[PDB]
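Presented below is the structure to which this report refers.
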Amino acid sequence: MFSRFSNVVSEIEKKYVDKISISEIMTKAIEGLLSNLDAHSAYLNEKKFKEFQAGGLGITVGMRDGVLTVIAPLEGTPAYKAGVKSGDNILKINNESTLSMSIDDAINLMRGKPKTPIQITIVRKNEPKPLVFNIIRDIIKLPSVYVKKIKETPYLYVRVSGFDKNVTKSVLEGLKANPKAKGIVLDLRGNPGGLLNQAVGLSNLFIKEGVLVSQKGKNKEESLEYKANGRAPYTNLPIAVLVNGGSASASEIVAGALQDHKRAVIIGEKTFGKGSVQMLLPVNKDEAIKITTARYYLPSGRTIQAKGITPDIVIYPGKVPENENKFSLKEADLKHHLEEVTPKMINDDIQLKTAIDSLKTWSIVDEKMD
Amino acid sequence: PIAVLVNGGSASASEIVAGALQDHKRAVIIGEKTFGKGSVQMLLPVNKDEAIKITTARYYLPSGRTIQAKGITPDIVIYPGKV
């Protein structure tokens, strides 16, 4: 069928420097073909397929710009406490260099028996030196959601550290425990995602009608659409979502769905962009290939993968401007004049302050509309 | 939509506009608390080229609240700086 391929194979078999045979050429062609389709593919040889068939650090790893990068370390995990940050490019784990290693090979090296050491070396954009982290694995425990009242405001702070099997329940119970909230700061920053059922579940908690996210490939029969059920409470109350470069996968589905339905205002910075589904397909006889079979699409039809969520209000991290720098003059000092979220936390998060200020504007607009 | 910027130099007529928009919730007041002039001056000329300026009344916002010596507390406080 494909003659051009056979002519290329024959010439390298004829004129290449090293004595090479079909067995390597076909392997290098399969690895080369998959490497040029997408960055999430891998080919599993018979012996590496049976190796694949047979506690952690807390790093969610992905690939962007063709290199293995940390999406975000999970909140409260050993890696987060060790000081690895989002966007960190991993160059070495233990003995092996990662400049030509698969995502699953990195996950298999990082996860393992609890309380065992690992060494990883990363490169950053702020420092010239490579960083070496000696971190010990641990049992992954994470209270995925905590809810805090914001002091001197009616609003409520909802923190989702990661999408585990109980995020939607913990949110709904916290909103029932505060029936006078009148607003939510939904902080899913640094949240690399998790279970799709909780992204749809958490979004369906706020959206009354319409598509929440779609899964779509070439064959239009396999295409799935996740519609919201009519059982959505909290349909009117203001909600502001915080996202950053560590928000990915379920974190972008919840943010993108709320954004496309104009149900919330997205605050922060452009997200990571993880919106694809990979699948393992047994090929040949005892080999398998991993390839992307579908992509996630927002209600507006926009893709999440290479694009990510662009927030409606961009605010890079920093401290809020000084409480004042003025001994200024007022009429109150003129001659003969007629007469658990604390401010300490908000003043260090300009991103959090911007989110609260958007609820202050929302509640004013929905009060004008009397 | 209207977003009003006010600061410690906003006074008198500037606080009436900001205060009216605030009390009607017609606009969002953003910045920092204002000068707090809650009086109305009138000048009546005396000489051919000279005048006398007198505090003649106190002005009250649509909600009836006075601004004298207090100033407008904006809906969103921020203070100046670079982003």
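Chains as they are written, first to last, in PDB author numbering: chain E, 46 to 99, 106 to 390, 417 to 447; chain D, 289 to 371. Every residue gets a Cβ at the ideal spot worked out from N, C-alpha and C, and that includes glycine.
Counting the other Cβ atoms within 10 Å of the Cβ of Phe257(E) gives 16 or more, which makes it buried. Less than 8 Å separates the beta-carbon of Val211(E) from that of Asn242(E). In the structure shown, the three-state DSSP call for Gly297(D) is coil.
Contacts with chain E at 8 Å (Cβ-Cβ) do not include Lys341(D). Distance from the CA atom of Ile441(E) to the CA atom of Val316(D), rounded to whole angstroms, is 7 Å. In the displayed model, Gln249(E) falls within a helix according to three-state DSSP. Using beta-carbon distances, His388(E) counts as an interface residue toward chain D, with a partner under 8 Å. Around the beta carbon of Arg282(E), a 10 Å sphere encloses fewer than 16 other beta carbons of the protein chains shown; the residue is thus reported as exposed. With a 10 Å radius around the Cβ and a threshold of 16 neighbouring Cβ atoms, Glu203(E) comes out exposed. Using a Cβ distance threshold of 8 Å, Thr431(E) and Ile364(E) count as a contacting pair.
With respect to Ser302(E), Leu207(E) sits apart: the two C-beta atoms are not nearer than 8 Å. Per the DSSP secondary-structure output, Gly319(E) pairs in a beta bridge with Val294(E), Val365(E). In this structure, the straight-line span from the alpha carbon of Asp337(D) to that of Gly297(D) is close to 29 Å. For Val316(D), a Cβ of chain E is located within less than 8 Å of the residue's own Cβ.
In this structure, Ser153(E) keeps its C-beta atom at 8 Å or more from the C-beta atom of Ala228(E). The residues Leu119, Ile141, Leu142, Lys143, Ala157, in chain order, have a CB closer than 7 Å to that of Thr149(E) in the same chain once the five nearest residues on each side in sequence are set aside. Distance from the Cα of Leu82(E) is smallest, within the candidate group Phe94(E), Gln329(E), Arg175(E), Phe323(E), for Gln329(E). Here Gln329(D) is bridged, per DSSP, to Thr343(D).
The contact set of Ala383(E) on chain D, defined by CB atoms closer than 7 Å, consists of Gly324, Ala357 in chain order. Each residue's CA atom was taken as its position, placing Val264(E) and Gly213(E) some 19 Å apart. Per DSSP, the beta bridge partners of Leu237(E) are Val209(E), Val292(E). Chain-ordered, the chain D residues with CB closer than 7 Å to the CB of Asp434(E) read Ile364.
If you draw a straight line from the Cα of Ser55(E) to the Cα of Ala357(E), it comes to about 37 Å. For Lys336(D), no chain E residue has a C-beta closer than 8 Å to its own C-beta; the minimum C-beta separation is roughly 29 Å.
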